[PDB]
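Chemist: Here it is, the structure in full.
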Amino acid sequence: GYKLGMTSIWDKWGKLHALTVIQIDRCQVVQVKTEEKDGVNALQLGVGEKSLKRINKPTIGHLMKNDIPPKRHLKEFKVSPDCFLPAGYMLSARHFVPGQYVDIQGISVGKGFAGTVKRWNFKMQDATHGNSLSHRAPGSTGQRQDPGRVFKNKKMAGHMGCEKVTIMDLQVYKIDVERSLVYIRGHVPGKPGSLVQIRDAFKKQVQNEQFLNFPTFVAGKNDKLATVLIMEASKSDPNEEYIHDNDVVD
Amino acid sequence: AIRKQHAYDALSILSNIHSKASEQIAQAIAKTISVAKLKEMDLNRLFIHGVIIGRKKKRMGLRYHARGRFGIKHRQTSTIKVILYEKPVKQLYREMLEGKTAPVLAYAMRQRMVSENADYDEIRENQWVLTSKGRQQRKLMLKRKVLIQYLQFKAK
Amino acid sequence: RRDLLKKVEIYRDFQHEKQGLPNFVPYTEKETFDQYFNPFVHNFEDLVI
Amino acid sequence: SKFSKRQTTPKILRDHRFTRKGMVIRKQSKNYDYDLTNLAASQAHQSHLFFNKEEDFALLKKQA
Amino acid sequence: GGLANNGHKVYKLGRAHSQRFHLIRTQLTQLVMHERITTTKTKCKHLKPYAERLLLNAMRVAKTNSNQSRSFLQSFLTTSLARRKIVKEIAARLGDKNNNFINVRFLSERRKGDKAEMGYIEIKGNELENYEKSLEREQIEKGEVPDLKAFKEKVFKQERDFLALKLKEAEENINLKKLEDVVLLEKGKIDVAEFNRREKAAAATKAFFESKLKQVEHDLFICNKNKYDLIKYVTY
Amino acid sequence: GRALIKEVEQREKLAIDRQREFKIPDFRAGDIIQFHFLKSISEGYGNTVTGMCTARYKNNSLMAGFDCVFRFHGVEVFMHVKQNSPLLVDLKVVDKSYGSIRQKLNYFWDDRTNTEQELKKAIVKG
Amino acid sequence: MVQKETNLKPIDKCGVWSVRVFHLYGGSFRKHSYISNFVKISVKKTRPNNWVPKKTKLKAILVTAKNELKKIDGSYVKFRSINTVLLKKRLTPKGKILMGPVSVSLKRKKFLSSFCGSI
RNA sequence: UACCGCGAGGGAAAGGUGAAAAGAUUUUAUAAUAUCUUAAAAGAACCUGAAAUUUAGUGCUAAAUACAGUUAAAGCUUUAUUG
RNA sequence: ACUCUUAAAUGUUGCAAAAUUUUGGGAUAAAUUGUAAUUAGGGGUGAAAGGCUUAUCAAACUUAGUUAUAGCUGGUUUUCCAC
RNA sequence: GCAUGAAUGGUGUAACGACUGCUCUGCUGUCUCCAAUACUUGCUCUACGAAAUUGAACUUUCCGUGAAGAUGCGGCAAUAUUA
RNA sequence: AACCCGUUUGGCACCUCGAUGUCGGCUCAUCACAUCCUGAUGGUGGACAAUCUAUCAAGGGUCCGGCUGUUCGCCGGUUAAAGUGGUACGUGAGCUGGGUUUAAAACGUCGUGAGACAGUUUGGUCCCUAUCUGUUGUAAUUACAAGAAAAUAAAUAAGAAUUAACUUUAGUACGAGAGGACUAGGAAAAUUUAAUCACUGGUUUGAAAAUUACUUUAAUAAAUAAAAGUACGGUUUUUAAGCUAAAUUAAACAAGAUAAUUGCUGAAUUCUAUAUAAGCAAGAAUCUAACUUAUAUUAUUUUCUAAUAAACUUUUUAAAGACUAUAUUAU
Ligand SMILES: [Mg+2]
Ligand SMILES: [Mg+2]
Ligand SMILES: [Mg+2]
Ligand SMILES: [Mg+2]
Ligand SMILES: [Mg+2]
Ligand SMILES: [Mg+2]
Ligand SMILES: [Mg+2]
Ligand SMILES: [Mg+2]
Ligand SMILES: [Mg+2]
Ligand SMILES: [Mg+2]
Ligand SMILES: [Mg+2]
Ligand SMILES: [Mg+2]
Ligand SMILES: [Mg+2]
Ligand SMILES: [Mg+2]
Ligand SMILES: [Mg+2]
Ligand SMILES: [Mg+2]
Ligand SMILES: [Mg+2]
Ligand SMILES: [Mg+2]
Ligand SMILES: [Mg+2]
Ligand SMILES: [Mg+2]
Ligand SMILES: [Mg+2]
Ligand SMILES: [Mg+2]
Ligand SMILES: [Mg+2]
Ligand SMILES: [Mg+2]
Ligand SMILES: [Mg+2]
Ligand SMILES: [Mg+2]
Ligand SMILES: [Mg+2]
Ligand SMILES: [Mg+2]
Ligand SMILES: [Mg+2]
Ligand SMILES: [Mg+2]
Ligand SMILES: [Mg+2]
Ligand SMILES: [Mg+2]
Ligand SMILES: [Mg+2]
Ligand SMILES: [Mg+2]
Ligand SMILES: [Mg+2]
Ligand SMILES: [Mg+2]
Ligand SMILES: [Mg+2]
Ligand SMILES: [Mg+2]
Ligand SMILES: [Mg+2]
Ligand SMILES: [Mg+2]
Ligand SMILES: [Mg+2]
Ligand SMILES: [Mg+2]
Ligand SMILES: [Mg+2]
Ligand SMILES: [Mg+2]
Ligand SMILES: [Mg+2]
Ligand SMILES: [Mg+2]
Ligand SMILES: [Mg+2]
Ligand SMILES: [Mg+2]
Ligand SMILES: [Mg+2]
Ligand SMILES: [Mg+2]
Ligand SMILES: [Mg+2]
Ligand SMILES: [Mg+2]
Ligand SMILES: [Mg+2]
Ligand SMILES: [Mg+2]
Ligand SMILES: [Mg+2]
Ligand SMILES: [Mg+2]
Ligand SMILES: [Mg+2]
Ligand SMILES: [Mg+2]
Ligand SMILES: [Mg+2]
Ligand SMILES: [Mg+2]
Ligand SMILES: [Mg+2]
Ligand SMILES: [Mg+2]
Ligand SMILES: [Mg+2]
Ligand SMILES: [Mg+2]
C-alpha cells in the first residue's frame with residue numbers, strides 16, 4: 190500500500206478514534222514461488238506505477254509472462270501451499286475486514302544526525318551552575334584502565350530514522366472499495382507517499398479468527414457486496430466504565 | 157589524475173577541477189604543445205609521459221599568536237617539467253582496431269564530419285572510431301575473427 | 197590452514213556425491229538370537245521334552 | 021561502522037555452509053534443458069548457439 | 002515541493018527578515034531599470050517568486066488602477082521611476098499576459114575569485130534576449146555555424162532511402178533463390194533437409210532490414226513532432 | 082493524497098448535519114450561546130449552559146469547534162467544543178453581537194476575571 | 001497536573017484556605033499526580049482557632065485543574081483554580097458540605113452524586 | 001652593520017660565473033634543452049652540486065600475521081632482471 | 001561622563017603576555033587628570049598586602065671578578081686480538 | 001569557660017556596608033522535562049595558510065605473563081582495503 | 001578447629017619524582033552473586049494468614065525530600081523491594097570545585113622571638129584544535145560466481161520493561177472464633193521504551209490586523225489616502241505549514257530441554273524399604289525454538305544480454321540529508 194495521511198472519526202459512543210489511511214494502488218501478484226524448485230513456499234507482489242521510459246528490459250520479461258503492467262515496488266510474503274493464489278490476481282481491501290488486528294512493516298521518518306538527547310532521551314547536565322560547555326553532552330563514555338576501551342552497542346549520536354521497523358497489534362476500522370482504501374486505528378511508520386507492507390498478526394490468531402477468510406475473499410455468486418464497511422463498536426461505554434468503590438487508599 | 161591520457165584530453169579532464177592548481181598545469185601543457193608544433197610534430201598523435209613536480213623556493217615570514225608567541229609561515233613556489241611522446245602511426249592503429257581510441261580524437265572526427273556536410277556512407281566506414289558502442293563492436297568482431305582460426309587448428 | 201580446510205567435505209547420509217570412488221557399505225542387519233529361545237527354528241528330532 | 025560493529029566469533033561457527041539440514045558443498049546441479057523449437061522470430065536462425073547436452077558431450081568425446 | 006512551508010522553498014542567505022527584504026527591494030528596482038542582472042545562482046533563484054507577482058500588480062494597474070495592487074507596488078519598489086517605469090514602458094510592451102513574465106537561466110562558468118555559480122534574471126521580452134536570438138538565427142542561416150537539425154534530418158533520410166533498396170534486393174534474391182531452389186532442385190541433386198534453412202535464414206534478412214526501417218521512421222516523426230501531439234510508442 | 086482525505090471528511094460532515102436533531106446557526110464571537118452537552122449516550126444526562134463565545138475554529142469542516150465562557154454554579158469556566166460531535170444535542174443563540182470585532186478574543190480567560198453581567202451581554206457598538 | 005509543593009485551594013468547609021502537597025500516591029515513583037489521584041497535605045493557612053490546626057498531616061483527593069481536562073470526543077474543560085477534598089479514613093471528607101462543582105473526568109459514581117453538579 | 005632596548009649596553013646573517021662579458025642572436029600566442037657565443041654554458045644568489053625531503057618513468061606487485069628483519073623453498077621478471 | 005573593578009558567562013597556542021559582554025561601587029572631594037621635575041637597590045617609596053620600582057622583586061637591570069664552585073645529573077667520537 | 005576576660009582593650013549600640021550566616025512574600029526554564037526558533041560557529045567547494053608535539057611503525061579484543069595495570073612476549077581467536 | 005575470598009584497619013617500600021591530582025555530587029555506565037523484592041522448591045515447635053530458615057536462580061527492577069562540604073547516618077513519608085560490593089575506593093584530556101593541602105586576615109593554645117597546629121573561621125585561577133587504538137553513525141574503491149537488473153531464504157549475533165492494587169473463583173477451604181487462602185483468570189495505574197502528528201497544548205524573524213514617538217518616499221498647490229524604514233521581529237494579539245510532548249495508540253499466553261527439587265516399579269544391603277544400577281515419568285521470571293532488526297562470510301529462484309542487456313557524470317525537486325548515498329526527474 191501507499192500511505193496517504195490521517196483522519197479521526199467519532200464512534201457511536203462519542204470516542205474520537207484516530208485513523209491512518211492506506212491506499213492499495215493496483216496490488217497484483219507477479220510470481221509464485223514453490224519450495225521444490227524455488228526453495229521456499231511464497232509469493233511476491235507488485236504495486237504502483239512506472240512510466241515506460243524509466244523501465245528496464247529484464248523487468249519487462251519478469252512481468253510480461255503473467256501479462257501485468259509495470260510497478261514501483263516488489264516484495265515477498267511467506268505463505269503456505271494451502272493458500273496460494275494465481276498469478277496476475279489483483280488483491281483488494283476486501284482481503285481484510287475491520288475487527289482483526291494487523292501487523293505492518295515500513296520505513297520510519299528521518300531526522301538526520303540526531304543528537305544524544307534526542308536519540309535515547311538522555312538527561313541533561315545542570316545549566317547555570319558554573320556549567321562549562323557540557324549542557325547537552327553525554328558525559329562519560331566509559332571507565333579507566335580496566336576495561337581500557339569503549340564497549341559496543343554503546344549510546345551515542347548518529348543517524349536516527351530511515352529504520353525498517355514493525356508495529357504489531359493494529360486494528361482495521363473501516364474499508365472503502367470503489368476508492369481502494371483501508372483505514373487503521375493508529376499510527377504507522379513513515380510520511381505519506383511511503384510504502385507499507387501489512388499482514389495478519391502472528392501474535393494472535395484467537396481474536397481475529399472470526400475476521401479471517403482463507404486464502405482470501407472469494408466473492409460468491411449472485412450476491413450484493415458492500416462498498417463501505419465498518420466494525421462494531423465496543424459493547425460498553427467509556428464514559429460509563431467507572432472505578433470500583435473500594436479502589437481506595439485506606 | 158592526468159597520466160596515460162592524450163594531451164588535449166588532459167585539458168578536458170582538467171578544466172573540471174575548478175582550481176588555481178589546475179590552470180597552472182594547463183599553461184604548461186599548452187607550452188609543450190607549442191614546442192611540438194615548432195618541432196614539426198603531429199599533435200593529433202601526442203600522448204603524455206609524465207608531469208613532474210618539485211619545490212623551488214620558500215619565502216618565510218611570521219604569523220603572530222596570542223601571548224607574544226609566533227610561528228613561521230612559508231609561501232612557496234614549485235616547478236613543472238612536462239614530457240610528451242608521439243606514438244607512431246602504426247602503434248596508434250594497433251589500439252583503435254582493438255577499440256581503445258582516445259575520445260578527443262573522435263570529438264574532432266565528429267566535429268569534422270559536420271562542418272563539411274558529410275553523408276551516411278562516410279559514417280558506416282568510420283564507425284569504429286566514432287562512438288563507444290561502435291568501438292565495442294570492433295573489440296568483439298576482432299575477438300571472433302581470431303577464434304575462427306583458433307578452431308581451424310583445434311580440429312587437427 | 198584455510199587453503200587446507202577448503203579441501204574438506206562432510207556428509208550426513210551414507211554416501212558421497214563424488215563419482216569414481218567407493219562408498220562404505222552400511223551395516224543394517226541385527227542379530228536374530230532366535231535359535232536360543234525358540235523350537236520353531238530347530239528341527240524337532242534334535243530336541244527333547 | 022563495520023570495523024566497530026562486528027562480532028568476534030570464529031568463522032567456523034558463523035559459517036553459512038553448515039546448516040540444520042546439511043553442509044553446502046558446491047552447489048545444485050542444474051538441468052539446462054531449453055525448448056529450442058518453440059522460439060521467437062529474432063532467435064530462430066541462431067538456434068545453434070544454444071546449449072544442448074546431447075550435442076556438446078558428443079563433441080568432447082569425439083575430440084577426446 | 003517542500004512539506005515544511007506550504008510546499009514552498011526558502012533561502013536564508015545568511016540574512017534575517019529585515020536584512021533580507023532590503024535585498025529584494027534593491028534587486029527589483031534594478032530589475033526594471035536595466036531589466037537584466039547577473040548574480041549568484043541562489044539570489045537569482047530566490048527572487049523569481051517576488052518578481053512574478055510584482056508584474057501582475059503592474060499589469061493590473063494598467064488595465065484597472067487598483068488601490069490593492071499599487072500598495073503592493075509601493076512596497077517592493079523604492080524609487081518613483083521604477084513605479085512609473087513598468088506601468089507604462091514594460092506593461093505596454095507585454096500585451097495582456099498573466100502567467101509568466103520572467104526567465105531565470107544559469108551559466109556554465111564560475112567567477113574567478115570565489116568560483117561561484119552565476120545566473121541572470123531577464124524580463125521575458127528584453128532587448129538583449131531578442132538581439133542574442135537574432136545572432137544565433139543569422140549565424141545558423143549564414144555563417145560559421147552547423148545547423149544540426151538539417152544535418153540530422155539529412156542523415157536519417159539518406160539512411161531510409163538506403164535500407165529500402167537493400168530490402169528490394171532481398172525480396173528479389175529470396176524469390177530467385179527460392180524459386181530456383183524449391184522448383185528446380187527439389188527434383189534431386191540437393192539435401193531437402195536444409196531447405197528449411199534456406200527460407201528460414203533468408204526471411205530473417207527481410208525481417209532485419211524491415212525491423213531497422215522502423216527505427217529510422219521513428220527517428221523522423223520525432224524530428225517533426227509537434228508539441229501538441231501525443232507520444233508515439235514503438236515495437237521491440 | 083491529502084485532498085482525497087478531505088473529500089471523505091466533507092461527505093461525512095454532510096451525512097451528520099443533514100441528520101442532526103437540530104441545525105447550525107450563523108453565530109460569531111461576541112454572541113451568547115446555549116448548548117446541551119452530554120456525559121454519555123447510554124444515559125442522556127447533560128448540562129445546559131449560557132455563555133459568551135470567544136472563538137470559532139474550522140468552520141465548515143469536520144473538526145469544526147468553538148470556545149465559550151460561562152459561570153457554572155458560581156464558578157467561571159471554559160470549554161472547547163467539537164461542533165459536529167454526537168455529544169451535542171442542542172445549540173442556540175440568545176443575544177446577537179453588533180459591529181466590527183476580532184475573530185478570536187481570548188481576553189476573557191487570560192488577563193481578566195469576569196462577572197455574570199459581562200457574560201450575558203453581547204458586544205454592541207452603537 | 002500536580003507535583004510536590006503545589007499550593008492548593010480546598011472546597012470542603014473545614015475552615016482551611018490554602019494548603020500544600022508533599023507526597024503522591026499510586027506507585028513507587030510519582031513525579032506527577034493527575035485528577036482522581038490521592039496526595040498528602042500539610043496545612044499552612046486556616047481560619048483561626050480551627051479544629052483543623054496548622055501543620056497537620058492529612059490525605060486528600062484533588063478535583064479540578066487549570067490544564068486542559070480532556071474528554072473522549074476531543075472537547076475539553078478548564079477551570080480557574082485547583083480544588084481538593086480533605087479526607088478522613090476513605091472518601092469520608094471532614095466537612096459535610098462540599099461547596100462547588102467538579103469535573104466529570106474523575107470517575108467515581110458515589111463521590112460525584114454528593115456534589116452540586118459536574119461538567 | 002641591520003635589528004632589539006627608555007637606559008647603561010647587547011648584537012647576527014651574508015663569499016665564489018668565465019682565461020676573457022664574448023651577459024645570451026634567430027624561429028616560437030613565447031623552446032632551461034634545437035640554432036648562435038664559448039673549451040663547456042658553468043646562464044646571472046651562475047664553480048663542483050652529497051644527504052634528509054620529494055615527483056615521475058619501467059618492473060614484480062594485495063585482500064589475514066605484526067621492532068617491520070633473518071634462514072629456507074616455490075613463482076613471476078625491465079635485456080634496468082645487480083630486482 | 002570620568003575613575004575603580006564586586007558577581008557570572010566567554011576566552012585560555014585568546015581581539016588581549018590580564019581583555020570583551022552584562023551587572024555593580026564612588027561620583028564637591030582623604031577626589032580625577034595633563035605637562036615638566038625630584039626620591040634609587042638592603043636603600044627608595046609604602047592610608048602596610050612582603051606590595052611597587054619599564055611585562056622581571058624575601059632585595060632590580062647591565063657589565064665585570066669569572067671559563068664562579070658542584071663529593072650531583074647528563075654526555076665522552078674508528079677497528080681487531082689476549083687476560 | 002578542655003584552652004573566655006577588660007586599652008593584644010571587656011559589654012552594649014541607632015546609622016553605613018559590591019562583607020559572612022539563617023528565614024519569609026513575590027518572581028521565574030534553576031529543576032520536574034525539556035521543546036521550537038534567529039544569527040554566529042560548524043559541514044561542502046574555492047584563494048591563502050599556523051601551533052606545541054613525534055625513537056621507528058605494516059599500530060586489534062580477552063585471560064595469562066612479566067620492573068608487579070601489555071596494541072608489541074605466550075595462548076585460543078578477530079579484520080577484504082581505506083576515508 | 002580446617003580452608004576460601006581480597007571490599008576495612010594495617011605491615012613491606014617492587015613500578016612511576018624529567019607537568020597532576022583528593023573524598024563527594026550531575027551526566028553516563030558495565031560486571032560478579034556471597035540475591036533486598038518478584039519466580040521455583042525442601043524443612044518447620046507450618047492449622048489458615050503473616051513470618052522464620054536453607055537450597056536452585058542474575059531474566060528485568062531497586063525512590064523523592066529536610067539538616068550537613070559529605071559518602072554514611074538520624075529524621076519525615078512511601079514502596080513489590082528501597083540489595084552487598086569490584087571496575088586507579090569506575091567515570092576531572094566529559095562538567096562542577098562546595099570540603100581538604102599555598103599566599104591575605106582573625107580568635108584560642110603553645111613559644112623569649114621569627115612562627116607553628118591530625119584546632120576553628122570569612123575569602124581564594126591551571127589549559128588543550130584528538131595522529132593511532134576504541135566506539136556511534138555514513139559512504140567510496142574492489143572481489144565472488146559469464147556479465148547485469150531485482151526479489152528471498154539460510155546462518156550467526158544483538159535486542160526484548162518489571163510489579164500488581166482492585167476484582168471473579170470465595171468471605172468458600174482452614175478455624176472455637178478472630179480472621180482469611182493455595183490453585184485458574186481478568187485488570188486500572190506508576191516507571192521505562194518504541195512508532196506517529198488527525199485532535200489538544202507550546203513554538204512561529206513565515207502571513208496578517210491594530211498601534212505610539214521620530215524620520216522618509218514626495219510635496220513652499222492644498223486636502224484625503226496609501227506605503228517604507230529604525231527603535232529586542234518596536235510592542236501587544238491572532239494564525240497557515242512543520243517539528244514537538246503536556247498529546248495519541250500499544251507493549252502475548254502456550255510448547256520443548258534443564259537447575260535445586262517430586263514420583264513409579266525393584267536389586268545390591270535375602271526387606272510391603274530405596275525415584276536407579278536395566279528401564280518408564282515430572283520440574284522455573286532461566287536457556288532454546290519462535291518473533292523483531294542488522295549483515296560483502298554460503299546458496300536458490302525470476303528475467304534480459306552486443307547488428308545492442310546495463311551502469312556512471314549533469315539539471316530540477318524532496319517527505320531523504322553534514323558531505324555523500326538513497327529517492328525523484330529531463331533529453
Ligand atoms: Mg528529514
Ligand atoms: Mg522526554
Ligand atoms: Mg539535570
Ligand atoms: Mg574555562
Ligand atoms: Mg554555557
Ligand atoms: Mg586489562
Ligand atoms: Mg584492554
Ligand atoms: Mg611549516
Ligand atoms: Mg554561514
Ligand atoms: Mg530591526
Ligand atoms: Mg474561517
Ligand atoms: Mg490559544
Ligand atoms: Mg665552437
Ligand atoms: Mg655548444
Ligand atoms: Mg652550481
Ligand atoms: Mg556606574
Ligand atoms: Mg547603589
Ligand atoms: Mg553611598
Ligand atoms: Mg605574611
Ligand atoms: Mg612588576
Ligand atoms: Mg641577597
Ligand atoms: Mg679568580
Ligand atoms: Mg662549598
Ligand atoms: Mg587566656
Ligand atoms: Mg584574649
Ligand atoms: Mg588592665
Ligand atoms: Mg587587631
Ligand atoms: Mg575592638
Ligand atoms: Mg561586642
Ligand atoms: Mg548595630
Ligand atoms: Mg563592602
Ligand atoms: Mg554560629
Ligand atoms: Mg521525558
Ligand atoms: Mg593492521
Ligand atoms: Mg595483562
Ligand atoms: Mg620470546
Ligand atoms: Mg598475542
Ligand atoms: Mg622503592
Ligand atoms: Mg604502578
Ligand atoms: Mg628531578
Ligand atoms: Mg616522561
Ligand atoms: Mg547461589
Ligand atoms: Mg543487576
Ligand atoms: Mg527474556
Ligand atoms: Mg530551605
Ligand atoms: Mg544545604
Ligand atoms: Mg525510612
Ligand atoms: Mg588516582
Ligand atoms: Mg574515584
Ligand atoms: Mg580521565
Ligand atoms: Mg605569650
Ligand atoms: Mg567576595
Ligand atoms: Mg583522526
Ligand atoms: Mg595506538
Ligand atoms: Mg520518541
Ligand atoms: Mg500535531
Ligand atoms: Mg496552536
Ligand atoms: Mg511572535
Ligand atoms: Mg511602520
Ligand atoms: Mg539606528
Ligand atoms: Mg501548529
Ligand atoms: Mg517441560
Ligand atoms: Mg523389595
Ligand atoms: Mg518404592
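Residue numbers (UniProt numbering), protein chains in the order written: chain F, 190 to 439; chain C, 157 to 312; chain W, 197 to 245; chain Y, 21 to 84; chain G, 2 to 237; chain H, 82 to 207; chain X, 1 to 119. Beta carbons: idealized from backbone N, C-alpha and C, even for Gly.
What is the residue span of the beta strand (DSSP E) that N104/G lies within?
Modeler: Taking the fifth sequence and counting its residues from 1, the one referred to as residue 104/G is at position 103. Element bounds for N104/G: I103 to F107.
Chemist: Express the C-alpha separation of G288/F and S166/H in angstroms, rounding to a whole number.
Modeler: As a first step, residue 166/H is located in the sixth sequence; it is residue number 85 there, counting from the start. As a first step, residue 288/F is located in the first sequence; it is residue number 99 there, counting from the start. The alpha-carbon atoms of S166/H and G288/F are separated by roughly 23 Å.
Chemist: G111/H and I204/H - do their beta-carbons sit closer together than 8 Å?
Modeler: Residue mapping note: residue 204/H aligns to position 123 of the sixth sequence, counting from 1. Residue mapping note: residue 111/H aligns to position 30 of the sixth sequence, counting from 1. Their beta carbons are under 8 Å apart, which means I204/H touches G111/H by this criterion.
Chemist: Below 7 Å, is the gap between the Cβ of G26/X and the nearest heavy atom of ligand 6?
Modeler: Here residue 26/X refers to the residue found at position 26 when the seventh sequence is read from its first residue. Answer for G26/X: no, Cβ out of range of ligand 6.
Chemist: So within the segment 287-362 of chain F, which uninterrupted beta strand (DSSP E) runs reach at least 3 residues, ignoring any that extend past its ends?
Modeler: Runs found: 290-296, 299-303 and 347-350.
Chemist: Bridge partners for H262/F per DSSP, in chain order?
Modeler: For this step, residue 262/F is matched to residue 73 along the first sequence. DSSP output for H262/F lists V236/F as bridge partner(s).
Chemist: Please report the Cβ distance between residue 262/G and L24/G, rounded to the nearest whole angstrom; I am assuming they are in contact, meaning their Cβ atoms lie under 8 Å.
Modeler: As displayed, chain G neither begins before 2 nor continues past 237, which places residue 262/G out of reach and without an answer.
Chemist: Can you tell me whether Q31/G is helix, strand or coil according to DSSP?
Modeler: Stepping through the fifth sequence from its first residue, residue 31/G is reached at position 30. Looking at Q31/G - three-state DSSP - the assignment turns out to be helix.
Chemist: For the alpha helix (DSSP H) that contains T416/F, what are its first and last residues?
Modeler: For the purposes of this step, residue 416/F is taken as the residue at position 227 of the first sequence. It is not in any alpha helix (DSSP H) - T416/F carries neither H nor E in the DSSP assignment.
Chemist: Cα separation between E218/G and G235/F?
Modeler: Position 217 of the fifth sequence, counted from the start, is the residue given in the question as residue 218/G. Position 46 of the first sequence, counted from the start, is the residue given in the question as residue 235/F. So the two alpha carbons sit approximately 35 Å from each other.
Chemist: In three-state DSSP terms, what is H68/Y?
Modeler: Residue numbering aside, residue 68/Y sits at position 48 when the fourth sequence is read from its first letter. DSSP places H68/Y in coil when its eight states are reduced to three.
Chemist: Tell me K163/H's beta-bridge partners as DSSP assigns them.
Modeler: Within the sixth sequence, numbered from 1, the residue matching residue 163/H stands at position 82. In DSSP, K163/H forms a bridge with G146/H.
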